[PDB]
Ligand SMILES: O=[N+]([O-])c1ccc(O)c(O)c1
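Just the one chain here, the form solved without this ligand, laid out as structure tokens.
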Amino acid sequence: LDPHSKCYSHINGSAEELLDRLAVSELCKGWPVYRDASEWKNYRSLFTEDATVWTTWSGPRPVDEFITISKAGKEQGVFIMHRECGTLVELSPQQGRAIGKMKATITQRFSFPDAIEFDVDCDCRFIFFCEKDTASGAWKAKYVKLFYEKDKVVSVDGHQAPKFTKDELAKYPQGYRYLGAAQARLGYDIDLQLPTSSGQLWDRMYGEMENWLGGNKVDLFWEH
């Protein structure tokens, strides 16, 4: 069933619209390129001053707070990388609004006690809620939240892998059960209210996407 109620500018169009979608596509790719490399000036430049991001392991965070705890995680040996897997844009020219749709694999490297190294690879879709500064013409992201689609445990040596009990996996939504369970082993409190490939929060996510493209305020804060 098609989750979109309407169509937006997404292919072809005018040169101005093509270059707006190009600009928004670059913002999206800035998360994998800049966060993975700790290029924090570049990473901060993607966002509005009042931006909020959501992850499994942080929940909602204002961007500057997110950067602080990301640095802390990296200092403690946390090793999250991203593989971008296909990026397109929904553009609403008269609202100065856009949604960046960036398919990705979150690929996080863990150890389990020579210790067993493993990745958890989660195929997901980052949704960038972007707006255009009428003065500057510049695009910036105000919100980033993800759909989580499927995940897997990846042996690093091809022989050894960790073990997760059924009960350990059961509290997480299907789509990020291994990623949540592994991050929980590091001590993080995991957000269980993130959208997957089906269900209530999937519908909600598309509703907020269309609200944004219609020019409204959105409500991505789903615990209150």
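Numbers for residues come from their place in the sequence shown, where the first is 1.
The following text describes the form deposited with this ligand bound, which does not appear among the structures shown.
- None of 56-64, 157-165, 195-203, 22-30 except one has non-hydrogen atoms within 4.5 angstroms of this ligand in the deposited bound form; the exception is 56-64.
- Although the partner is absent here, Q183 lies within 4.5 Å of this ligand in the deposited bound form, judged by heavy atoms.
- For the chain shown alone, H82 is a contact residue for this ligand in the deposited bound form, at least one non-hydrogen atom being within 4.5 angstroms.
- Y143 falls outside the set of residues with a heavy atom inside 4.5 Å of this ligand in the deposited bound form.
- By the criterion of a heavy atom within 4.5 Å, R35 is counted among the residues contacting this ligand in the deposited bound form.
- Using a 4.5 Å cut-off on any heavy atom, the residues of 126-150 that reach this ligand in the deposited bound form are, in sequence order, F126, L146, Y148.
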